[PDB]
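Below you will find one chain, with nothing else, as structure tokens; this is the form deposited in one PDB entry, and questions on how it binds or moves follow later.
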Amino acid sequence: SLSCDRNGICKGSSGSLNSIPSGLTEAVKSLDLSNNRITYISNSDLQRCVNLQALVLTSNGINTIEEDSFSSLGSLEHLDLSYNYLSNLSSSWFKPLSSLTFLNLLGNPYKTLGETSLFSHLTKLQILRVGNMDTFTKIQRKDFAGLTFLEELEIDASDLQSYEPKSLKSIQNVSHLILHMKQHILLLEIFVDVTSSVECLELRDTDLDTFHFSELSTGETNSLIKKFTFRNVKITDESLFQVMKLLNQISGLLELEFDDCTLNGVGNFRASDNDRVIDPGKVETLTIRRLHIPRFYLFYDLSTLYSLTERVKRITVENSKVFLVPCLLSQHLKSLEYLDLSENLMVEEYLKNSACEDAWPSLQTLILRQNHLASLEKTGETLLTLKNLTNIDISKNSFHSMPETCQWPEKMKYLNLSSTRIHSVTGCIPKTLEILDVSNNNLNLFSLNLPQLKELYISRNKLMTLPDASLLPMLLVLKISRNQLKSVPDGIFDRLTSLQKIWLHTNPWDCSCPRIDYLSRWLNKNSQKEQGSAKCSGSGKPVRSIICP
């Protein structure tokens, strides 16, 4: 039923294995029992496999597993028992394991880990995914005892009803802690015991409306948390402030993230309470992706947050219906260096107001990829107020053309005009450019004087002729693949004296002898430089290897 590879890596092909084969070949190191009709697992069906370390039992329907069956594997590492029906675990299986690294028991009917200190002799694991979004409702100290160090710890406690104190204060260090929890009842008490032990905390599926913060007696012990992520969380204007008070308990916090959350409010937040006012702390990066706001069209100007804007250096607010970043707010974000407003509702008139005089004074990178911009000239003129702007990504915006001349920030170095629907390129493109991307357009030719351009991406266009190399002396990278290029001037690549990479594949290279002698010969010694492999229009035979009489 298997199709093992030449290294002992057996694949569970025909998914219908009623159980584990009779005494498998011991020279096996890996297996594949993903999605197979299984229900029983004993020691007399995988006995002669002490050299097996890769066990994957993903979704089989395993009801019962006879004990003493993991000793027959001895040194097992990647141990997977994902989405099965093992509703009653036992420290017996976590006894034979000597060299374990990945233990996943997510998706099983069990609702507890037993009051018999589970996970013990497997004192070598770094990743442990325990829990199920169905019935797991208890976590006692009698869990996570035989492990003090691990990289990633994921606990699917969706319906967590009770958390025994200090059931997590045991583990000393956890680089990434992922927690699934619908209600916020036991959130503060799970926090107090992990705050000094975790580096990157992640909360999922929690309804934080009505979440209230109360000064927890966790002590003046500094938090180890530097990154706090909230995923698919529900928050209101008031609770968001409460969350802020909690974040101020992590003075070392540097990065805040919100993925696919819902804000049931209009942004009428309070920046202070009656006791402690929210402190910006050391948070330097804020990442918000797909934030659902029912009344987005009614959102406030955020002036209630001006006191938390002076220090942040990187901001991402993606696909969240942003139609305006108020001028006053943009003027307060005095340290902002990187701003990504991709997939929003930005148009020229409002980008002008967002980027008013003195707005985002330190900004060097602005990303407006999938918005609603239509005029290159006006988009460029609008950014002139950002004196230190050097990187602009306005790809996936429907500019259809560009005038002969345009105004752009003085120090423009990177301009992304990919999937922009342009038919030609003109002097509008700034001369100071170092990296230009005009891929995925309708370009027929390219003849721009860009003296210091190091990278040109112009793939997926309709270029008959190669881009003028005599105007791109410093050209290091050149992606010209997928372009309808048939011939090419002789000695043209002698111009690019520093060329390092080049894409030429997917072009109708006419390999007739009285023409390709140069190109077909250039691709020889210049092998490391070529990316992929150009072919002949009349034969799949590569052009790099064909010389003429």
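Start at 1 with the first residue shown and count on from there. If you superpose the two forms and keep the largest set of C-alpha atoms that fall within 1.5 Å, you have the rigid core.
Higher-scoring stretch by recorded Cα B factor average, 461-469 or 106-114
It is 106-114.
Please compare 144-152 with 437-445 and say which has the higher mean C-alpha temperature factor in the record.
The recorded data point to 144-152.
Among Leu496, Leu31, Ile502, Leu485, which residue carries the highest C-alpha B-factor recorded in the PDB entry?
The listed residue with the largest C-alpha B-factor is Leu31.
Looking at the C-alpha B-factor values in the deposited entry, which of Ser71, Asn248, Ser395, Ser401 comes out highest?
That would be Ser71.
For the chain shown, is the CA B-factor of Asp301 in the lowest, middle or highest third of its modelled residues?
According to the entry, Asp301 has a C-alpha B-factor in the chain's lowest third.
If you rank the chain by CA B-factor, which third does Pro280 end up in: lowest, middle or highest?
Its C-alpha B-factor belongs to the middle third of this chain's values.
Relative to the other modelled residues in the chain, which third contains the C-alpha temperature factor of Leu476: lowest, middle or highest?
As the PDB entry reports it, the C-alpha B-factor of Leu476 lands in the middle third of its chain.
Comparing against every modelled residue in the chain, figure out the third that the C-alpha B-factor of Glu189 lands in (lowest, middle or highest).
According to the entry, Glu189 has a C-alpha B-factor in the chain's middle third.
In terms of the chain's CA B-factor thirds, is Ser90 lowest, middle or highest?
It belongs to the highest third of the chain when residues are ordered by C-alpha B-factor.
Only in words, not in the display: the form deposited in another entry, which the text now covers.
Of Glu189, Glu434, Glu377, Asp301, which is the single residue whose C-alpha shifts by 2 angstroms or more between this form and the one not shown after core superposition?
The only residue crossing the 2 Å threshold is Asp301.
Is it true that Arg270 shifts between this form and the one not shown by 2 Å or more at the Cα, once the core is aligned?
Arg270 C-alpha, core-superposed: shift of 2 Å or more.
Taking the shown form as the reference, report whether the CA atoms of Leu298 and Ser239 lie closer or farther apart in that other deposited form; the distance changes by 3 angstroms or more.
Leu298 and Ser239 sit closer together in that other deposited form.
Classify the change in Cα distance between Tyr297 and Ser239 in that other deposited form as closer or farther, relative to the shown form (magnitude of 3 Å or more).
Nearer in that other deposited form, by 3 Å or more.
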